[PDB]
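Have a look at the structure below, then the notes.
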Amino acid sequence: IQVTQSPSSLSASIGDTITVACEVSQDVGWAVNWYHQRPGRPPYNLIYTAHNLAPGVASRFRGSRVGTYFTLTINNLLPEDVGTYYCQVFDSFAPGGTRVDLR
Amino acid sequence: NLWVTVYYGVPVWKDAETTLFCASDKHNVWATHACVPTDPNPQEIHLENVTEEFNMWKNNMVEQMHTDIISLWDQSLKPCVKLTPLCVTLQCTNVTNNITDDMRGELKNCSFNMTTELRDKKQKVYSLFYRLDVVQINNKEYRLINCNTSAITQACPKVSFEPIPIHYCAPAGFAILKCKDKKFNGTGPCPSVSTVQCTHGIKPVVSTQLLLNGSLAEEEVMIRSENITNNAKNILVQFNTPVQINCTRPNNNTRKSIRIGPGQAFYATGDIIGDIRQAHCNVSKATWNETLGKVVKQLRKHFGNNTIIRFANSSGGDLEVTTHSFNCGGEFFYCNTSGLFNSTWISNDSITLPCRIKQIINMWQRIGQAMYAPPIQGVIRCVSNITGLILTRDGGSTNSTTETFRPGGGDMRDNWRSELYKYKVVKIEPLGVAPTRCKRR
Amino acid sequence: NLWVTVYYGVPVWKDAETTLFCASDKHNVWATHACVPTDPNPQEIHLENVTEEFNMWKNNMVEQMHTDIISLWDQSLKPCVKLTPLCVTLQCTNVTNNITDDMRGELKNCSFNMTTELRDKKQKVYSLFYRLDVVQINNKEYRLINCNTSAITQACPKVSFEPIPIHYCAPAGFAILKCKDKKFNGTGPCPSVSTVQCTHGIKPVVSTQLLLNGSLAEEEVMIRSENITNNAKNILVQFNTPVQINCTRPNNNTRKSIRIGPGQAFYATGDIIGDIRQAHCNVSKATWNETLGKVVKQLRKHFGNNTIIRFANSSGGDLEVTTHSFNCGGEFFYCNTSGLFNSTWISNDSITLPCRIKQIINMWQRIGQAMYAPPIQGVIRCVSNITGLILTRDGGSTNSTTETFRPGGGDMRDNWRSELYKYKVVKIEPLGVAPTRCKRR
Amino acid sequence: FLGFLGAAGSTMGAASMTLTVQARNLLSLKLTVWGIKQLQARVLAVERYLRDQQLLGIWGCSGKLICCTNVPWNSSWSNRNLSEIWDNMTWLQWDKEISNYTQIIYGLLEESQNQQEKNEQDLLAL
Amino acid sequence: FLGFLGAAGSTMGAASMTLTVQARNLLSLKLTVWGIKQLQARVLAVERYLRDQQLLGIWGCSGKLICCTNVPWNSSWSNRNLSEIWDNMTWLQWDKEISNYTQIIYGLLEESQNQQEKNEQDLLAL
Amino acid sequence: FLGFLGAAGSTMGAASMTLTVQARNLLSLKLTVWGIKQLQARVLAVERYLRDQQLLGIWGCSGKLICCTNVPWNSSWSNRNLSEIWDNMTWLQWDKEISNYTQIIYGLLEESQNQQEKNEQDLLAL
Ligand SMILES: *[C@@H]1O[C@H](CO)[C@@H](O[C@@H]2O[C@H](CO)[C@@H](O[C@@H]3O[C@H](CO)[C@@H](O)[C@H](O)[C@@H]3O)[C@H](O)[C@H]2NC(C)=O)[C@H](O)[C@H]1NC(C)=O
Ligand SMILES: *[C@@H]1O[C@H](CO)[C@@H](O[C@@H]2O[C@H](CO)[C@@H](O[C@@H]3O[C@H](CO)[C@@H](O)[C@H](O)[C@@H]3O)[C@H](O)[C@H]2NC(C)=O)[C@H](O)[C@H]1NC(C)=O
Ligand SMILES: *[C@@H]1O[C@H](CO)[C@@H](O[C@@H]2O[C@H](CO)[C@@H](O)[C@H](O)[C@H]2NC(C)=O)[C@H](O)[C@H]1NC(C)=O
Ligand SMILES: *[C@@H]1O[C@H](CO)[C@@H](O[C@@H]2O[C@H](CO)[C@@H](O)[C@H](O)[C@H]2NC(C)=O)[C@H](O)[C@H]1NC(C)=O
Ligand SMILES: *[C@@H]1O[C@H](CO)[C@@H](O[C@@H]2O[C@H](CO)[C@@H](O)[C@H](O)[C@H]2NC(C)=O)[C@H](O)[C@H]1NC(C)=O
Ligand SMILES: *[C@@H]1O[C@H](CO)[C@@H](O[C@@H]2O[C@H](CO)[C@@H](O)[C@H](O)[C@H]2NC(C)=O)[C@H](O)[C@H]1NC(C)=O
Ligand SMILES: *[C@@H]1O[C@H](CO)[C@@H](O[C@@H]2O[C@H](CO)[C@@H](O)[C@H](O)[C@H]2NC(C)=O)[C@H](O)[C@H]1NC(C)=O
Ligand SMILES: *[C@@H]1O[C@H](CO)[C@@H](O[C@@H]2O[C@H](CO)[C@@H](O)[C@H](O)[C@H]2NC(C)=O)[C@H](O)[C@H]1NC(C)=O
Ligand SMILES: *[C@@H]1O[C@H](CO)[C@@H](O[C@@H]2O[C@H](CO)[C@@H](O)[C@H](O)[C@H]2NC(C)=O)[C@H](O)[C@H]1NC(C)=O
Ligand SMILES: *[C@@H]1O[C@H](CO)[C@@H](O[C@@H]2O[C@H](CO)[C@@H](O)[C@H](O)[C@H]2NC(C)=O)[C@H](O)[C@H]1NC(C)=O
Ligand SMILES: *[C@@H]1O[C@H](CO)[C@@H](O[C@@H]2O[C@H](CO)[C@@H](O)[C@H](O)[C@H]2NC(C)=O)[C@H](O)[C@H]1NC(C)=O
Ligand SMILES: *[C@@H]1O[C@H](CO)[C@@H](O[C@@H]2O[C@H](CO)[C@@H](O)[C@H](O)[C@H]2NC(C)=O)[C@H](O)[C@H]1NC(C)=O
Ligand SMILES: *[C@@H]1O[C@H](CO)[C@@H](O)[C@H](O)[C@H]1NC(C)=O
Ligand SMILES: *[C@@H]1O[C@H](CO)[C@@H](O)[C@H](O)[C@H]1NC(C)=O
Ligand SMILES: *[C@@H]1O[C@H](CO)[C@@H](O)[C@H](O)[C@H]1NC(C)=O
Ligand SMILES: *[C@@H]1O[C@H](CO)[C@@H](O)[C@H](O)[C@H]1NC(C)=O
Ligand SMILES: *[C@@H]1O[C@H](CO)[C@@H](O)[C@H](O)[C@H]1NC(C)=O
Ligand SMILES: *[C@@H]1O[C@H](CO)[C@@H](O)[C@H](O)[C@H]1NC(C)=O
Ligand SMILES: *[C@@H]1O[C@H](CO)[C@@H](O)[C@H](O)[C@H]1NC(C)=O
Ligand SMILES: *[C@@H]1O[C@H](CO)[C@@H](O)[C@H](O)[C@H]1NC(C)=O
Ligand SMILES: *[C@@H]1O[C@H](CO)[C@@H](O)[C@H](O)[C@H]1NC(C)=O
Ligand SMILES: *[C@@H]1O[C@H](CO)[C@@H](O)[C@H](O)[C@H]1NC(C)=O
Ligand SMILES: *[C@@H]1O[C@H](CO)[C@@H](O)[C@H](O)[C@H]1NC(C)=O
Ligand SMILES: *[C@@H]1O[C@H](CO)[C@@H](O)[C@H](O)[C@H]1NC(C)=O
Ligand SMILES: *[C@@H]1O[C@H](CO)[C@@H](O)[C@H](O)[C@H]1NC(C)=O
Ligand SMILES: *[C@@H]1O[C@H](CO)[C@@H](O)[C@H](O)[C@H]1NC(C)=O
Ligand SMILES: *[C@@H]1O[C@H](CO)[C@@H](O)[C@H](O)[C@H]1NC(C)=O
Ligand SMILES: *[C@@H]1O[C@H](CO)[C@@H](O)[C@H](O)[C@H]1NC(C)=O
Ligand SMILES: *[C@@H]1O[C@H](CO)[C@@H](O)[C@H](O)[C@H]1NC(C)=O
Ligand SMILES: *[C@@H]1O[C@H](CO)[C@@H](O)[C@H](O)[C@H]1NC(C)=O
Ligand SMILES: *[C@@H]1O[C@H](CO)[C@@H](O)[C@H](O)[C@H]1NC(C)=O
Ligand SMILES: *[C@@H]1O[C@H](CO)[C@@H](O)[C@H](O)[C@H]1NC(C)=O
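Protein chains in written order, with the authors' numbering: chain L, 2 to 91, 96 to 108; chain E, 33 to 57, 65 to 138, 147 to 185, 188 to 306, 309 to 321, 321A, 322 to 397, 411 to 504; chain C, 33 to 57, 65 to 138, 147 to 185, 188 to 306, 309 to 321, 321A, 322 to 397, 411 to 504; chain D, 519 to 546, 566 to 663; chain F, 519 to 546, 566 to 663; chain B, 519 to 546, 566 to 663.
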């Protein structure tokens, strides 16, 4: 199953609310786990089941499901959130991911 | 005007989890003698107008029965001899008399010092161990493969590993719902629900790739999987017709009893009378081809008509998963099923599967304890039915329609769930309240 | 006009089988402390007008309590030292210092290498073993008799084998029927039946030929045997008067503790202080003759007045049967008892029975496990009551009226059926339907 | 007073006069053999009592030692005269000679109770 | 006759006509795995039956399969017409759509039974 | 509402007003120490409830929290005035000062219930 992400990159200032989309080609239920990778650091779990927060993740992260349209919403952006965001469905990873950097 | 009236014994049930006791119709590893004697005539009641949701995966019965089988397996070895003295340096020489081309090095003639009845006295004896049980130490010096990871207790030779059908009966106040739909894929509503006091004959067969002696589908070969899209959940296949499989151990094995202590006997493997050949399982080529044709015809539906379906052998892993392992008359086989899953499909003869024997068996992958299956005297041979498949799909490149399916298994819950698939456990709730024109006095 | 009227609590019972719990009035082998404390005043109720069928031979209670005794005997052995290191080569010499003529060769002064607290360090120690416990290997080399066919576990020295009376009590809804008839011939109807909450004091005495400490017949010696014409069914003899038997072991034995490992102690037999004599039992000649006269008088009824009754000793067999074996203060005896069944009958003095003692005891003939009775310090003396016999008749030619009876036993169920002979287990069914002139409003 | 099963050999009427004494005796640690046997006996007793109590409850006779019903007695079961039954017979023989017809009697009892209760509800509602 | 849960899909009236067959099936060795599972199942069944019987007893309806009482229908639990309920509805959907309000109904039953019993005492003594 | 044993120290009438809340709490894995303790506790609770239910049933008072009988008060057990008992005393003291006369009262209740039922039989028959 092909999985797509958009936008490829985005810049937001401190404290803004931003969202990232992850579109799936077929019905995947809610199995769209999210992962964030800080530059030069191994990726770690953000959201599992597409709406459940991983342990240690602040409540400021939120995920939701609109049919086959999936969103990860970020509130009150903070500097440590800079990096890349990946959404996983089964064995498929979105090509390129989404890069988030400070404005 | 209106008032409420309390009812007793209303036909109302809720999904619930409870303990199920066994009933069954020589000692056995599964304590069938401990099962209550089932009624000669089971009672089955058809529930017309009823539509109940079913789900093998979220069913408790599979987990409960996995626990039950593991408990029985553990209990059957407690009053059995512990082979701790066998962990001694071995002197093994290859057996090379009257052996065939494929028997070069599969059996080892190991001689070792062993404790006799008298503690101070010792004794030198010899035994025949298959190559998979002994590992070289770096004639040469060998040891049992268990010796650095676990301690084995010899399976008591008098208990039979043969599967006896056992029925799991819910206590009073609970009911078992049996889905009568012949096209029921295992998830979603089952329009035809019939209740029974408890299950039909369930044989807890122990197999990995091919499901032996199982229950057949009534109409067509069916494909059952939690999320077919997810290329990880095993695809449970159930055959509408049986595929007979024959296989035997041609060696005329002899059981030699070696006393290793007070009342403790270790049953070794003596010299084989006659030539030594390969254990090999036979499957009819035409019957297997027809069954594969039916399977691929029913599989195309879930995917597409124009897609290419190709069966390849197991990718890799431990011996149990890579091969087709199953106990046959007290012996544990490991059959190299590469000639079965080999064809590629586009929109009298028998297949010989070379099997390998193992005596040090570690089922359930328990940390610290393993089993030594005593050798079976004579030539063992069993005729079983291939009644299912456990296929694992491989993720494609999203560019080709060549869906590749390989045998899986290992997780015995998958093997067992093809038998408890049509059943469900419900809790009777006989108190009901409804409005009626009645009034208390 | 008539109608049915339901009734609750009617006195109706059916023959049935059920589990009976223990009740009884230092730790002991039978765990009588685990038995519920019985009522100080038993509730015994006389059921006249009632005639109930009885049959000891097909009574469940004998089988159930035999199973209970075996389970208790096994369970009292689990938390006890396992004597596996004792199965080591022995160097035994004759004990010929201060011994009598009959004691020549019965003791063996065995010295052996034994492991000590420190595993690497070994140790040499000596102990005394009776000739029946050690077998020669072909001073000479010996081994414990059951070190090539069973594992030896020492009975814990602080638990006593003395029989504490136990009462078998049925649960609620069940009743125990007691046949008060003093002439109950062992089967058929019992005209005088009475119910009790549960049984009187039953002592699970262990004996083979003569019944010790049993319950006396109230009026006269009774002969009870299913199919008395069958010359293979044991004949249960019950005495109306007790025959006192005095059993003693004159040796003043010393218990020497030998530590064979961490917290594990093997209690050996040290040197005997003073002269070594033969353990023996004493039976009054006149009393035994009178009891035999009563028995033969009561036995002529089932065979005729003119027949000749002759008592010979027990024929060949294992030691436990050929001899009158029992326990006496923690020690197991094996008494000759050929002077008892010695005479023939036609239409101050004591009889000394030379007994032999054994330490390796295998009761219930379990395969793989044997018991080592620890020696008892001091001189042991027992005063028991001969209250029954196990006589096995022998067939003969049609031209002979000389019916020969020999002591039997072995099957402990025969030993115990003489105590549960007058009891029966019934199931109360309190629901009854009767025709009355009443019709529900 | 005679005690538990005291009137076992008595006549029908005398036995029925003292149903309570037999009625009161249907109901009255580690994993040791004696302990497990005690527990099994306890559970068996309680289950037997509740089976009997439930069976009474179905016929609408719970709490009543002697309860009447509304099913006729077919003479096929027993045509004996009442005087002979209640003055020259014990409960043992009575259960002996009706062991086979018990189930159909129980079914008739159950059906009659259900129908009578439904009629009572209909009258109470109207 | 259909058997245990025979009229599960049938209408309300037909199901109520045969309450007994489901009512009568609500109640009907060493320490081995199957033995302990059997004992636990037996105890679970007996306790479930006793809890159900106790709940029936509190509302003053012990021994009665169909029992009515003296608490009104709040009409917020369900406002469906009687004919539709008892002719075109099964017990399954009924319990499905009334499950949340069960506790308050049970409490009302409890209070009504207690007050009625106290009034019966008061009028009985006078 | 106060809860389980809420009116333990309350007067007789207030305690009698709320019997139901103590009435409901009278009834509500491997061979591990905790498991066996749980199982024994469960069985003990079941039997403790059933003994009380049986005692109520024998007196013809099953299913009734308050039940009146036909046993006269001997006045030797307690001659205290009704107003004093039912307005200035707690159940604990009441049970304290009749701990010895309980058995004879139970026997009188049993015999009175039995005779009463058989009397009813005669009238229902005639
Ligand atoms: C699937 O079911 C078939 C049919 O029950 C099983 O075949 C049976 O396998 C047992 C294994 O020992 C055979 O028992 C042997 O029978 C010979 C007959 O003389 C006896 O001498 C041996 O001592 C042993 O008892 C049995 O004959 C064979 N066939 C039948 C009809 O029972 C098969 O084993 C089952 N599949 C698996 C994987 O176990
Ligand atoms: C039959 O029953 C009699 C009496 O019930 C048994 O005799 C008793 O035997 C026990 C030991 O076997 C004696 O207890 C021991 O006594 C000595 C000396 O007092 C003491 O040092 C020990 O520690 C132990 O307590 C008991 O005195 C004796 N009773 C007598 C002699 O009256 C007899 O053993 C039974 N027969 C059997 C079991 O075969
Ligand atoms: C194994 O398969 C054979 C058939 O190859 C089964 O034998 C009979 O098969 C026919 C065909 O449907 C059935 O109608 C019979 O009922 C089968 N015999 C019996 C005794 O059931 C055989 O039963 C199968 N063994 C299994 C499933 O264990
Ligand atoms: C794939 O698997 C997921 C596993 O959860 C399925 O998702 C659930 O589907 C059920 C269907 O009744 C819903 O009730 C759940 O709420 C879903 N939850 C989650 C976590 O997704 C999904 O339906 C499956 N779908 C496919 C395409 O196989
Ligand atoms: C499995 O099938 C093979 C052949 O497909 C069998 O092997 C032959 O067995 C016969 C005796 O039955 C021999 O004469 C032949 O030499 C064997 N080899 C060949 C190539 O034919 C084998 O016996 C079968 N095993 C079974 C039925 O258990
Ligand atoms: C497996 O073995 C069975 C016999 O144990 C084979 O059945 C035999 O088949 C031949 C040829 O069709 C018949 O002549 C025999 O009468 C059959 N014997 C029976 C039914 O007992 C079966 O063909 C074998 N299967 C394979 C794949 O080798
Ligand atoms: C699946 O089949 C392939 C080829 O049919 C097997 O690959 C062979 O593996 C052996 C090792 O045991 C090599 O010696 C061969 O050279 C391989 N052949 C190839 C790569 O063409 C593979 O082992 C099989 N896997 C199984 C049976 O689990
Ligand atoms: C299982 O079967 C396959 C196919 O028969 C075996 O693969 C062959 O292995 C031999 C050497 O063992 C090679 O010479 C062949 O080239 C391989 N391929 C074929 C098609 O024969 C495999 O070795 C067997 N055993 C295992 C453990 O996989
Ligand atoms: C059994 O009786 C014998 C005699 O029949 C007793 O033997 C005597 O014992 C006394 C000691 O009390 C010695 O002084 C005698 O010399 C013995 N007489 C012999 C051996 O002929 C024996 O003590 C009795 N055993 C008992 C009572 O346990
Ligand atoms: C068994 O021993 C007891 C006591 O040791 C003997 O009983 C004594 O018998 C003598 C007669 O020889 C009397 O004078 C004593 O008064 C008795 N004492 C007691 C306590 O009973 C008994 O006679 C011995 N029996 C045999 C057969 O040796
Ligand atoms: C029963 O009595 C006979 C004869 O008194 C015993 O036979 C004796 O057996 C021994 C063996 O220990 C021989 O040494 C004797 O020669 C035999 N005497 C004979 C044949 O007259 C027989 O042993 C006695 N039974 C038992 C069990 O001891
Ligand atoms: C049991 O006792 C009898 C008689 O007391 C023993 O038979 C005697 O044994 C001796 C020893 O060899 C012989 O000299 C006698 O001839 C035998 N007969 C008689 C009448 O004394 C018998 O051996 C004993 N059983 C044993 C010791 O096992
Ligand atoms: C194994 O070796 C022993 C000698 O150690 C020999 O007696 C026996 O025949 C051998 N077995 C074979 C070669 O199969
Ligand atoms: C013995 O068998 C081993 C395989 O386990 C092999 O490596 C070795 O070469 C063999 N030795 C012979 C045949 O002499
Ligand atoms: C047994 O022990 C002896 C002692 O040296 C040794 O020579 C022999 O090789 C041993 N046998 C084995 C290890 O099989
Ligand atoms: C046991 O030995 C094998 C080789 O004989 C080795 O591969 C394995 O890692 C060892 N396991 C241990 C040391 O736990
Ligand atoms: C099984 O059938 C139901 C029918 O509603 C369908 O919803 C479900 O997706 C099917 N499952 C599979 C595995 O095809
Ligand atoms: C196996 O060997 C034994 C001899 O030990 C022989 O009696 C038997 O017939 C043999 N079995 C076969 C199938 O050859
Ligand atoms: C199985 O059937 C397919 C059908 O296309 C055929 O190509 C193949 O050769 C067959 N295999 C056999 C008969 O072994
Ligand atoms: C698998 O099939 C290929 C050709 O389709 C064949 O060459 C090979 O031998 C087969 N493998 C077997 C029969 O094990
Ligand atoms: C030693 O005792 C044995 C008893 O088993 C006897 O046969 C042997 O003659 C005795 N030897 C001596 C020298 O006393
Ligand atoms: C047994 O032999 C030991 C020496 O090994 C000796 O000290 C002891 O006194 C002997 N006991 C006897 C002869 O009873
Ligand atoms: C103990 O072992 C030593 C070692 O040689 C031996 O000399 C002695 O005889 C042994 N003692 C016994 C067998 O009692
Ligand atoms: C054990 O040794 C005894 C000694 O006589 C012998 O009779 C018996 O057969 C042996 N048992 C075995 C070797 O299993
Ligand atoms: C016991 O007495 C009954 C009385 O009828 C009789 O039938 C039976 O045969 C007797 N059994 C004997 C004498 O063994
Ligand atoms: C033995 O019999 C006597 C009567 O002579 C009696 O007083 C004593 O209690 C009996 N002992 C038992 C039954 O243990
Ligand atoms: C046995 O010996 C001890 C000394 O060890 C002594 O006190 C006791 O009196 C002796 N017993 C007899 C009966 O002589
Ligand atoms: C037993 O007594 C009888 C009669 O008193 C007598 O004839 C017989 O000889 C006596 N026998 C013995 C062994 O005392
Ligand atoms: C058996 O009786 C005979 C005849 O009285 C006698 O000679 C013999 O010694 C007796 N056997 C014994 C006492 O062991
Ligand atoms: C026993 O029978 C007699 C005469 O048949 C009778 O008088 C007596 O009352 C009966 N017993 C009982 C307890 O009724
Ligand atoms: C099922 O529904 C149909 C139509 O509503 C009805 O006629 C039938 O009676 C129902 N089934 C049962 C068992 O009542
Ligand atoms: C406690 O006693 C006082 C007066 O004695 C009373 O008013 C109060 O209600 C009692 N407590 C309760 C909870 O009833």
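C-beta: ideal position from N, C-alpha, C; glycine also.
Since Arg178 of chain C and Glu153 of chain C should fall inside the 8 Å C-beta cutoff, what is the C-beta to C-beta distance between them, to a whole number of angstroms?
5 Å
Counting only C-beta atoms, is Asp57 of chain E closer than 7 Å to chain C at any point?
no
Listing by chain order, which chain F residues have their CB less than 9 Å from the CB of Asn651 of chain D?
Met535, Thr536, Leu537, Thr538, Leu602 and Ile603
Taking the beta strand (DSSP E) that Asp47 of chain E belongs to, which residues open and close that run?
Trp45 to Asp47
Is residue 511 of chain B a contact residue of ligand 32, with contact defined as CB to any heavy atom under 6 Å?
The requested residue 511 of chain B does not occur in the structure, where chain B is confined to residues 519 to 663.
Look up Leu568 of chain D in the DSSP assignment and say whether it is helix, strand or coil.
coil
Tell me which residues of the segment 627-650 of chain B have at least one Cβ-Cβ distance to chain D shorter than 9 Å, keeping chain order.
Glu647, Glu648 and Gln650
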